[PDB]
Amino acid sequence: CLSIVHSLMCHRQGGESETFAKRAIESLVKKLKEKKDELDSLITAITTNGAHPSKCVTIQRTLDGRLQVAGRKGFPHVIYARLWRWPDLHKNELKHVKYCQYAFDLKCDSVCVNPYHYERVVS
């Protein structure tokens, strides 16, 4: 589990602190512990820079839709996209790919946080 967190940490971008990244990754890995296929799809997607199409990586949607990490609240798909792909990401600059089944905009009970299931768009 620690080797998984460490391997995902190696692919973070300089958007936030090392400590924020660690807490965000630990939180996500713990939720995917009982979902082997989703965890494997996350490791493969991050490690290979989304080289091949990956499966949805989902977490339970909160009542307000935001996730809190180290005292900061934000949309979960935005947090993980900022962390591994766009460190300067803000507002509504994300558009989900047609392949993504559990995209944040699709208003499902489960939210896809796979950063390679979203693409950056102009404001």
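Note that residue numbering begins at 1 and tracks the sequence as displayed.
Asks: Quick one: higher average CA temperature factor, 52 to 60 or 69 to 77?
Replies: Per the deposited B-factors, the answer is 69 to 77.
Asks: Mind pulling up the entry and telling me whether 42 to 50 or 93 to 101 has the higher mean Cα temperature factor?
Replies: Result: 93 to 101.
Asks: Which third, lowest, middle or highest, does the CA B-factor of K22 fall in along this chain?
Replies: For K22, the deposited C-alpha B-factor lands in the middle third.
Asks: Going by the entry, which third of its chain does the Cα temperature factor of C112 land in?
Replies: Tercile = lowest for this residue's CA B-factor.
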